[PDB]
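Below you'll find the structure, written out as structure tokens, and then a few comments.
For ligands, and for the atoms within them, numbers begin at 1 and follow the listed sequence. Chain A is the first sequence line, chain B the second, and so forth, proteins listed ahead of strands; every chain is numbered from 1. Every heavy atom of this structure was used, including side-chain atoms; hydrogens, water molecules and symmetry mates were not.
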Amino acid sequence: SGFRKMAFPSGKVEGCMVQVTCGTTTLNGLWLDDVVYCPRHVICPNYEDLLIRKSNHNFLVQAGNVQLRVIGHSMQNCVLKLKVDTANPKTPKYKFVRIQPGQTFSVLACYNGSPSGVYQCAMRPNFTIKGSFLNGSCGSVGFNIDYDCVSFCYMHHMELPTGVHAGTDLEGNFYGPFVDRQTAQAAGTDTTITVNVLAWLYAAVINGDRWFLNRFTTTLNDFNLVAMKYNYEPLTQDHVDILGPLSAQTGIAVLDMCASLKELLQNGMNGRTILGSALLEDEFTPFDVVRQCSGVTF
Amino acid sequence: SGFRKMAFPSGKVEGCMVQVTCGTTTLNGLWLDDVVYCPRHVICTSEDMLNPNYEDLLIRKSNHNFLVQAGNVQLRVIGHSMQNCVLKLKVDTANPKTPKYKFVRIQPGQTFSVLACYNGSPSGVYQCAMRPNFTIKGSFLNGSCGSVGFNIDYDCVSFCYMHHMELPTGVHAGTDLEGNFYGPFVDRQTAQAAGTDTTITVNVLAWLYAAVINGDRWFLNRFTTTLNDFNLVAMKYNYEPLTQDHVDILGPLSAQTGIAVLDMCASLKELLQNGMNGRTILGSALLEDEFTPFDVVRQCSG
Ligand SMILES: C[C@@]1(C(=O)Nc2cncc3ccccc23)CNc2ccc(Cl)cc21
Ligand SMILES: [Cl-]
Ligand SMILES: [Cl-]
């Protein structure tokens with residue numbers, strides 16, 4: 001029993017964290033094979049012009065107490081790729097994957113190439129992450145683990161004025177309408193990840209919390225009209241299908257659970273809690289709930 | 001900016017997780033140097049569990065009865081001993097991934113990261129606190145026994161917990177790495193119940209200071225309180241008494257935010273009386289008590 005916000009074991013990613021220093025700026029880099037990936041703003045804008053003025057010896061890469069020698073540099077979108085002479089012997093089986101909003105991933109927060117913490121979070125529908133980052137965290141990465149393969153999905157670039165965070169996939173493409181420059185940028189109005197709230201309601205049922213269940217069912221049309229009204233993301237047939245296993249395990253159809261969520265939105269919790277929370281949690285995907293309530297290992 | 005429930009990077013602990021099998025029971029072990037630590041109940045059947053005599057059951061075991069697996073390699077047990085509720089299996093290979101480590105026993109309110117494992121394989125990492133009733137509110141399934149709680153301050157892993165059991169309420173009980181249980185619990189299937197849980201007051205105040213540091217000030221008020229008046233009010237909401245030790249510990253956060261401890265205590269009294277009124281503090285509609293004063297400073301400063 002128990003339901004916790006749980007991150008993937010960070011070991012395979014810790015072996016890849018290095019410190020990248022260029023001029024006065026120090027941030028984190030991801031060392032995979034003979035390449036170190038990091039935010040291109042470490043060179044700080046006309047990034048092609050600024051990068052052409054840099055030489056390999058301008059970038060100081062440190063892996064533990066060992067300095068790696070940079071033998072090449074290139075830019076792919078907002079990520080800088082520093083070719084090094086030594087392949088990381090701790091390189092795990094990995095992929096670069098771009099995730100969708102509502103998808104969750106673990107963040108290994110680093111400072112000076114050293115991992116300091118690990119937390120689980122979701123790519124908000126407004127493409128920001130509500131992370132926890134101090135100055136020097138840039139280059140910290142977000143990932144998932146699929147069997148024994150680390151899928152790198154995020155690299156931290158900046159903090160928006162509201163305290164939320166923005167970054168790119170490992171190909172340097174930003175999540176959201178953000179740019180890597182000091183300019184007026186604002187996160188759009190956020191919405192709730194509906195499929196994730198339903199997955200979390202199924203996790204609560206699996207854990208014995210049933211007070212919110214009701215005799216009612218609804219249609220995807222009637223539910224989405226209510227979802228739009230309460231700044232909840234539309235629930236697609238894809239989402240209903242993904243919730244299928246949890247629906248079969250708990251005996252509560254997805255539209256039956258949707259009627260529970262509909263009542264929770266129109267009436268509130270009434271002093272009650274679900275899994276120790278007075279708010280509806282939306283940072284557990286249907287796959288996270290299955291993984292945690294069945295015991296998948298890495 | 002931002003405030004998250006954050007666990008320590010689990011890498012140093014992952015390299016120590018192994019699978020321990022004795023008879024029909026399979027659970028997790030912690031492999032440090034040439035010793036594998038695991039709950040001693042691995043030597044029990046479900047029949048032995050009501051009133052087990054562990055000295056008697058262990059004397060009947062031989063080294064070849066314990067099968068230890070580190071990845072796809074079987075380790076050879078060359079000795080076995082029991083220290084309180086932990087079984088120590090001496091092995092013929094020192095773990096090359098052994099980090100710098102310590103065994104530390106923590107007090108209620110202290111937080112730690114848990115690396116949840118099944119069959120010697122890490123499946124997840126989360127943040128916990130030792131509840132005042134000495135249980136932990138974990139996320140554990142059958143087979144998680146032997147999963148450990150730790151803190152990684154600097155480059156040394158301080159092992160503070162090993163999971164042993166789930167109480168009837170879904171809360172969890174375990175021991176330090178010396179086999180001493182936290183709480184009035186025993187490693188038997190006898191009727192055991194967690195005492196009434198209370199909110200960790202010093203941790204809630206630390207979390208209110210974290211919210212002030214992050215720009216949330218709505219809950220602040222012009223009032224102060226005596227320590228005794230605060231405790232008379234807090235006790236009524238099932239909150240732990242706040243000691244002078246706790247007030248002293250909150251000192252640095254009080255200096256950083258400019259809000260005296262007894263002044264923040266008056267905000268807490270008001271929050272307990274009024275509730276949140278549709279508002280949230282650091283994205284939470286409840287008062288969070290699983291961040292210590294040390295966690296807040298580490299997260300909000302480095
Ligand atoms: C092995 C056992 C135990 O609590 N296992 C579990 C431990 N953690 C989570 C679980 C969830 C679901 C079922 C079991 C779980 C069984 N009864 C008992 C009694 C005493 C001791 Cl010291 C250990 C145990
Ligand atoms: Cl004992
Ligand atoms: Cl302690």
Tell me which pairs pass ring pair (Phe, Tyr, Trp, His ring centres under 6.0 Å) where either residue lies in residues 50-78 of chain B, with sequence neighbours left out.
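Sorted result for residues 50-78 of chain B: B:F66-B:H80.
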Of B:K5, B:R131, B:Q127, which meets side-chain hydrogen bond (donor to acceptor under 3.5 Å, both in side chains) against B:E290?
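For B:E290, the side-chain hydrogen bond (donor to acceptor under 3.5 Å, both in side chains) test succeeds with only one of B:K5, B:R131, B:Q127, which is B:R131.
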Non-hydrogen atoms of B:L141 and B:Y118 that approach each other most closely
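For B:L141 versus B:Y118, the nearest heavy atoms are N-OH, 2.9 Å.
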What's the shortest heavy-atom distance between B:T225 and B:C265, and which atoms?
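Of all heavy-atom pairs spanning B:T225 and B:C265, the closest is CG2-CB, 3.6 Å.
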Could you check whether any side-chain heavy atom of A:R291 comes within less than 4.5 Å of a side-chain heavy atom of A:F8, counting everything from C-beta outward?
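They are in side-chain contact.
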Please state whether the rings of B:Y161 and B:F140 are parallel, tilted or perpendicular, taking 30° and 60° as the class boundaries.
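Plane angle under 30°, so parallel.
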I'd like the residue list for ligand 1, meaning every protein residue with a non-hydrogen atom under 4.0 Å from the ligand.
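Ligand 1 pocket, heavy atoms under 4.0 Å: B:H41, B:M49, B:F140, B:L141, B:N142, B:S144, B:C145, B:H163, B:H164, B:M165, B:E166, B:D187, B:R188, B:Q189.
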